[PDB]
Amino acid sequence: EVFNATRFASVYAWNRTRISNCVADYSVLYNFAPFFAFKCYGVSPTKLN
Amino acid sequence: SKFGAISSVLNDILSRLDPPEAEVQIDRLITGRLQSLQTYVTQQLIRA
Ligand SMILES: *[C@@H]1O[C@H](CO)[C@@H](O[C@@H]2O[C@H](CO)[C@@H](O)[C@H](O)[C@@H]2O)[C@H](O)[C@H]1NC(C)=O
Ligand SMILES: *[C@@H]1O[C@H](CO)[C@@H](O)[C@H](O)[C@H]1NC(C)=O
């Protein structure tokens, strides 16, 4: 749901969200992403699951 | 003691970052722990 919202808010009012009580599978993130920038700092993007 | 790194737990830093980026963190941990061990050994030698 977070990825195919049709009205991503502008930067000046950066809309927040909360992700809790769920199983984070980032394969869906990979699927819904012609990735251009996936620079991960505090964690390795390969090892997320 | 984190010793100037992200985490103070070897198991979790290993399980969080990939080798070619976590090598810096583990090297920092190694330096700190080796320095502490050297201090301990020197103090033990003096007391002995
Ligand atoms: C930021 O983006 C969120 C993700 O879409 C919005 O949450 C949704 O809000 C709608 C309407 O309230 C709910 O029906 C839906 O279940 C989801 O919670 C959120 O509203 C949005 N922020 C603002 C201020 O609108
Ligand atoms: C949103 O959901 C539709 C449903 O099929 C999907 O085709 C689309 O790729 C999704 N978009 C994103 C950005 O996840």
# chains A, B, ... in the order shown; residues from 1 in each chain; ligands from 1
$ interface_residues --of "chain A" --to "chain B" --cutoff "8 Å" --atoms "only C-alpha atoms" --output "PDB file with N, CA, C and O atoms, in the first residue's frame"
ATOM      1  N   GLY A  42      22.860   2.026   7.447  1.00  0.00           N
ATOM      2  CA  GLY A  42      22.965   1.317   8.705  1.00  0.00           C
ATOM      3  C   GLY A  42      22.791  -0.178   8.595  1.00  0.00           C
ATOM      4  O   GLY A  42      22.896  -0.879   9.606  1.00  0.00           O
ATOM      5  N   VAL A  43      22.523  -0.682   7.393  1.00  0.00           N
ATOM      6  CA  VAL A  43      22.258  -2.099   7.186  1.00  0.00           C
ATOM      7  C   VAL A  43      22.603  -2.464   5.749  1.00  0.00           C
ATOM      8  O   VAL A  43      22.638  -1.601   4.866  1.00  0.00           O
ATOM      9  N   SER A  44      22.884  -3.741   5.525  1.00  0.00           N
ATOM     10  CA  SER A  44      23.171  -4.237   4.186  1.00  0.00           C
ATOM     11  C   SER A  44      21.872  -4.518   3.444  1.00  0.00           C
ATOM     12  O   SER A  44      21.048  -5.299   3.936  1.00  0.00           O
ATOM     13  N   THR A  46      21.222  -6.366   0.923  1.00  0.00           N
ATOM     14  CA  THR A  46      21.058  -7.770   0.566  1.00  0.00           C
ATOM     15  C   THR A  46      20.476  -8.566   1.727  1.00  0.00           C
ATOM     16  O   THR A  46      19.576  -9.392   1.543  1.00  0.00           O
ATOM     17  N   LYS A  47      20.979  -8.329   2.931  1.00  0.00           N
ATOM     18  CA  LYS A  47      20.568  -9.073   4.122  1.00  0.00           C
ATOM     19  C   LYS A  47      19.564  -8.276   4.950  1.00  0.00           C
ATOM     20  O   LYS A  47      19.910  -7.624   5.936  1.00  0.00           O
ATOM     21  N   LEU A  48      18.299  -8.295   4.530  1.00  0.00           N
ATOM     22  CA  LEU A  48      17.238  -7.600   5.249  1.00  0.00           C
ATOM     23  C   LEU A  48      16.252  -8.538   5.926  1.00  0.00           C
ATOM     24  O   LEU A  48      15.740  -8.207   7.000  1.00  0.00           O
TER      25      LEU A  48
END
$ residues_near_ligand --ligand "ligand 1" --cutoff "7 Å" --atoms "only C-alpha atoms and all ligand atoms" --output "PyMOL selection string"
chain A and resi 1-2+5+15-17
$ write_last_selection --atoms "N, CA, C and O atoms" --output "PDB file, in the first residue's frame"
ATOM      1  N   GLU A   1       0.827  -1.203   0.000  1.00  0.00           N
ATOM      2  CA  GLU A   1       0.000   0.000   0.000  1.00  0.00           C
ATOM      3  C   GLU A   1       0.862   1.254   0.000  1.00  0.00           C
ATOM      4  O   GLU A   1       0.537   2.247  -0.661  1.00  0.00           O
ATOM      5  N   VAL A   2       1.970   1.228   0.741  1.00  0.00           N
ATOM      6  CA  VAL A   2       2.837   2.399   0.819  1.00  0.00           C
ATOM      7  C   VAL A   2       3.433   2.717  -0.543  1.00  0.00           C
ATOM      8  O   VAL A   2       3.695   3.882  -0.867  1.00  0.00           O
ATOM      9  N   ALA A   5       0.549   4.219  -3.452  1.00  0.00           N
ATOM     10  CA  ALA A   5      -0.262   5.408  -3.281  1.00  0.00           C
ATOM     11  C   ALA A   5      -0.128   6.285  -4.523  1.00  0.00           C
ATOM     12  O   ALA A   5       0.928   6.350  -5.158  1.00  0.00           O
ATOM     13  N   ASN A  15       4.737  13.187   4.576  1.00  0.00           N
ATOM     14  CA  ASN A  15       3.753  12.367   5.267  1.00  0.00           C
ATOM     15  C   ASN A  15       4.428  11.185   5.949  1.00  0.00           C
ATOM     16  O   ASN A  15       5.275  10.511   5.354  1.00  0.00           O
ATOM     17  N   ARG A  16       4.049  10.935   7.199  1.00  0.00           N
ATOM     18  CA  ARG A  16       4.620   9.847   7.979  1.00  0.00           C
ATOM     19  C   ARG A  16       3.710   8.623   7.912  1.00  0.00           C
ATOM     20  O   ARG A  16       2.557   8.690   7.479  1.00  0.00           O
ATOM     21  N   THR A  17       4.236   7.478   8.340  1.00  0.00           N
ATOM     22  CA  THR A  17       3.473   6.240   8.392  1.00  0.00           C
ATOM     23  C   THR A  17       4.004   5.395   9.542  1.00  0.00           C
ATOM     24  O   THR A  17       5.035   5.727  10.132  1.00  0.00           O
TER      25      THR A  17
END
$ residues_near_ligand --ligand "ligand 2" --cutoff "8 Å" --atoms "only C-alpha atoms and all ligand atoms" --output "number ranges by chain"
A: 1-5, 28-29, 31-33
$ residues_around --residues "residue 4 in chain B" --least-positions-apart "3" --cutoff "12 Å" --atoms "only C-alpha atoms" --output "mmCIF file with N, CA and C atoms, in the first residue's frame"
data_model
loop_
_atom_site.group_PDB
_atom_site.id
_atom_site.type_symbol
_atom_site.label_atom_id
_atom_site.label_comp_id
_atom_site.auth_asym_id
_atom_site.auth_seq_id
_atom_site.Cartn_x
_atom_site.Cartn_y
_atom_site.Cartn_z
ATOM 1 N N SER B 1 31.507 -2.239 25.344
ATOM 2 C CA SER B 1 31.875 -0.927 24.829
ATOM 3 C C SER B 1 31.877 -0.962 23.308
ATOM 4 N N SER B 7 27.829 -1.153 16.631
ATOM 5 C CA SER B 7 27.314 -2.044 17.659
ATOM 6 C C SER B 7 28.475 -2.632 18.443
ATOM 7 N N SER B 8 28.183 -3.037 19.676
ATOM 8 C CA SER B 8 29.169 -3.656 20.548
ATOM 9 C C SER B 8 29.030 -5.171 20.597
ATOM 10 N N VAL B 24 35.241 -2.820 8.454
ATOM 11 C CA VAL B 24 35.731 -1.661 9.195
ATOM 12 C C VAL B 24 35.252 -1.719 10.639
ATOM 13 N N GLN B 25 33.974 -2.045 10.833
ATOM 14 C CA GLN B 25 33.430 -2.118 12.182
ATOM 15 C C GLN B 25 34.134 -3.190 13.003
ATOM 16 N N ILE B 26 34.343 -4.373 12.419
ATOM 17 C CA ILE B 26 34.967 -5.436 13.199
ATOM 18 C C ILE B 26 36.429 -5.110 13.453
ATOM 19 N N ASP B 27 37.081 -4.409 12.521
ATOM 20 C CA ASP B 27 38.456 -3.985 12.769
ATOM 21 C C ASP B 27 38.522 -2.995 13.922
ATOM 22 N N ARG B 28 37.561 -2.073 13.987
ATOM 23 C CA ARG B 28 37.501 -1.150 15.114
ATOM 24 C C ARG B 28 37.322 -1.906 16.425
ATOM 25 N N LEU B 29 36.407 -2.878 16.435
ATOM 26 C CA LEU B 29 36.206 -3.697 17.624
ATOM 27 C C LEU B 29 37.478 -4.445 17.996
ATOM 28 N N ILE B 30 38.172 -4.989 16.998
ATOM 29 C CA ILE B 30 39.400 -5.734 17.248
ATOM 30 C C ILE B 30 40.442 -4.829 17.883
ATOM 31 N N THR B 31 40.600 -3.622 17.343
ATOM 32 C CA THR B 31 41.570 -2.693 17.908
ATOM 33 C C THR B 31 41.241 -2.374 19.358
ATOM 34 N N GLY B 32 39.980 -2.041 19.637
ATOM 35 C CA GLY B 32 39.613 -1.701 21.004
ATOM 36 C C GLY B 32 39.839 -2.850 21.968
ATOM 37 N N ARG B 33 39.385 -4.045 21.589
ATOM 38 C CA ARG B 33 39.504 -5.191 22.479
ATOM 39 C C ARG B 33 40.959 -5.594 22.669
#
$ closest_residue --among "A:39, A:7, A:12, A:45" --to "residue 27 in chain A" --atoms "only C-alpha atoms"
A:45
$ select_by_dssp --residues "chain A" --states "helix (DSSP H, G or I)" --output "number ranges by chain"
A: 11-13, 27-31
$ write_last_selection --atoms "C-alpha atoms" --output "compact mmCIF listing (two decimals), in the first residue's frame"
# COMPACT_ATOMS: atom_id res chain seq x y z
CA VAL A 11 8.80 17.18 0.70
CA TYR A 12 7.77 20.27 2.69
CA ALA A 13 5.06 18.17 4.38
CA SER A 27 11.02 -9.04 -2.11
CA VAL A 28 7.83 -7.08 -2.76
CA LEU A 29 9.92 -3.91 -2.46
CA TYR A 30 12.31 -5.30 -5.07
CA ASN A 31 9.37 -6.23 -7.30
